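# Coordinates in review
Each chain is listed here by its residues.
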Amino acid sequence: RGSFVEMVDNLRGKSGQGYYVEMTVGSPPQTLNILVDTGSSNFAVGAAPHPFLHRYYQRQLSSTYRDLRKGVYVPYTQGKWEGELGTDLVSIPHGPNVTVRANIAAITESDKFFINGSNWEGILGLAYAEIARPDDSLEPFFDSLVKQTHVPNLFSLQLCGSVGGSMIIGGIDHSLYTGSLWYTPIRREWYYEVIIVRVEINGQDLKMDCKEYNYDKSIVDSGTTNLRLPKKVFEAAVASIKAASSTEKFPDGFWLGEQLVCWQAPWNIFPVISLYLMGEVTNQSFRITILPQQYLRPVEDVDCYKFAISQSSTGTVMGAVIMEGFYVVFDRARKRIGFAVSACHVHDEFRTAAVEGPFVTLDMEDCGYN
Ligand SMILES: C[C@@]1(c2cc(NC(=O)c3ccc(C#N)cn3)ccc2F)C[C@H](C(F)(F)F)OC(N)=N1
Ligand code: NA
Ligand code: NA
């Protein structure tokens, strides 16, 4: 409890390609790099020699593999994968000293799923059974870990924007953040769904019915890059950031993530974004504040950055954009998610990402969409 030195720095990544942890499956152990995705609930690994993959799961080499005789077909807006369901033994070498029998979906066909040039070969869906595919009886990796071992029912993520970071499984490591953690309730255990109760651009309120911030849900999702906002909130949000910084002009396509923008070797013009989240106590909220350093993402394989806030029709998505400013504690045993200022967040001399409270916010339960 409090000190997990072996788990510190166990995530790697390339900017734009996500964060992965090293995992082993089968006996003898097969080492795979696996994408950490708090917005899905399947443990799904390449199992066939797709050209983009460094390595894949070879079930034939595993004496402990058990076939479930059941296929799965998983489409996404862009992307699909199909595979064969089975169970095998799984450990995390830079995670707790335990081995579990987990469901694995061996991906045998995929389209637009794997990234050419990336160093991961599968995805670790850390959310709940309710969105597992094919259905909610396929118990996710984390539920099996907690059922079969003494690991507490929580994990925390420090995503440092070559990227790196830490996934602490079973606890919190205090060296990873400063100040205090503040907690928002998980509204329903499917996605890691939370409730946003107010949004401020450079300390001015968007002044929207708060139901708009969570239409139709808000989630914390390490497997998406952007801060994604409901169309109507997105519209209000760029309008406000345009006005805050209109000392310089940008092509309009920039704000739609349709073209990049460039200086040489200009942060003080861009405002901070505050999201207030529902607190633990009636009428109490807290707020997280992100810097332009989080929402203007550097692009290499071209000083050119992309606007990393985008419109959505699936609700607000607090992606890696947001998470990279914070230590984020997925406190599943108490159905709550904690934020604190990350000890590794990208910043400067003028302002810093922040987590502040308490605030008085009334009618917070109205902000949820039904
Ligand atoms: C199951 C899914 C998924 C994520 C990724 N993620 C990445 O490729 C990636 C890339 C960059 C970064 C960063 N930073 C993070 N993740 C790739 C494939 C995929 F199917 C798709 C699902 C969706 F809603 F999209 F369907 O969103 C989430 N949460 N996970
Ligand atoms: Na247990
Ligand atoms: Na600390």
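### As for the side chain of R297
Here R297 lies in strand β20 (residues 296–298). Owing to a relative accessible area of 14%, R297 belongs among the buried residues under this scheme. Here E324 takes part through its side chain, which lies 3.0 Å from a polar atom of the side chain of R297. Once residues within four sequence positions are removed from consideration, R297 is found in contact with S15, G16, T225, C304, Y305, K306, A308 and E324.

### Let's talk about helix α1 (residues 141–148)
Looking only at α1, the buried set comprises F141, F142, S144 and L145. Down the axis of α1, the sector holding all buried residues measures 160°, keeping them to one side.

### A short note on the sheet that holds strand β13 (residues 196–201)
Pairing within the open sheet is antiparallel, and its 5 strands lie in the order β14-β13-β18-β19-β26. The sheet is open, and its two edges are formed by β14 (204–205) and β26 (354–360), each paired on a single side. By the bridge criterion, 6 bridges tie strand β18 (residues 273–278) to strand β19 (residues 284–290) in an arrangement that is antiparallel. Across the sheet, residue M278 finds its bridge partner in β19, namely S285.

### Looking at the site of ligand 1
What surrounds ligand 1 is a group of 18 residues, the closest being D37, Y76, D221, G223 and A320. One of the side-chain N or O atoms of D221 is found 2.8 Å from a nitrogen atom in ligand 1. In this structure, a nitrogen atom belonging to ligand 1 sits 2.9 Å away from a main-chain N or O atom of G223. Counting contributing residues, the shell around ligand 1 receives three or more from each of domain 1 (19–151) and domain 2 (152–370).

### Comments concerning the UniProt feature "active site" in the chain
The positions UniProt marks with the feature "active site" are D37 and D221. Position of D37 relative to the elements: it lies in strand β3 (residues 30–37). In this structure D37 comes out as buried when scored by relative accessible area, which is 9%. With residues near it in sequence (within four places) discarded, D37 still touches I123, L124, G125, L126, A127, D221, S222 and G223. Separated by 2.9 Å, the side chain of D37 and the backbone nitrogen of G39 make a polar contact.

### Structural notes on the environment of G13
Mapped onto the secondary structure, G13 falls in strand β1 (residues 11–13). Setting aside residues up to four positions removed in sequence, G13 forms contacts with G18, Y20, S162 and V163.

### As for the sheet that holds strand β23 (residues 316–318)
The mixed open sheet is built from 5 strands, whose spatial order is β12-β15-β23-β16-β22. Only two strands of the sheet have a single partner each, and these edge strands are β12 (193–194) and β22 (309–312). Sheet strands touched by helix α2 (residues 231–245): β16 (227–230) and β22. Its angle to β16, the strand with the most contacts, is close to 115°.

### Here we look at the coordination of the sodium ion (ligand 2)
Surrounding the sodium ion (ligand 2) are the protein donor atoms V146 (O) and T149 (O), at 2.2 to 2.4 Å. Since its relative accessible area comes to 24%, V146 is described here as partly exposed.

### What to know about the state of the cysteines
The bond known as a disulfide is covalent and runs between the sulfur atoms of two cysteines. With the rule as written, the count across this model stands at 3 disulfides. Linked covalently through their sulfurs, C262 and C304 form a disulfide whose S-S length is 2.1 Å. Taking the sign of the torsion about the S-S bond as the criterion, the disulfide between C262 and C304, at about 105°, is right-handed. Overall, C262 belongs to the partly exposed group, its relative accessible area being 46%. Residue classification places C304 among the buried residues on the basis of a relative accessible area of 15%. Each disulfide in the chain links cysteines that, numbered along the sequence, combine into the pattern 1-5, 2-6, 3-4.

What counts and how
- Residues numbered from 1 in each chain as written, not as in the entry; some residues may be left out.
- Chains lettered and ligands numbered in written order.
- Heavy atoms only, no water.
- Residues with missing side-chain atoms left out of burial classes, pairs and counts.
- Helix = DSSP H or I, 4+ residues; strand = E, 2+ residues; numbered from the N terminus.
- Buried < 20%, exposed > 50% of the residue type's maximum accessible area, 1.4 Å probe, protein only.
- Polar contact = N/O pair within 3.5 Å; in protein donor to acceptor, adjacent residues only side chain to side chain.
- Contact = heavy atoms within 4.5 Å.
- Arc of directions from axis to C-beta.
- Pairing = 2+ DSSP bridges.
- Near = heavy atom within 4 Å.
- Domains from an automatic or database assignment.
- UniProt positions renumbered as here; feature names shortened; annotations may be inferred.
- Axes fitted to C-alpha atoms, helices over the stretch in contact; angles between N-to-C directions.
- Donors = N, O, S within 2.8 Å, 3.2 Å for Na, K, Ca; no water.
- Disulfide = S-S within 2.5 Å.

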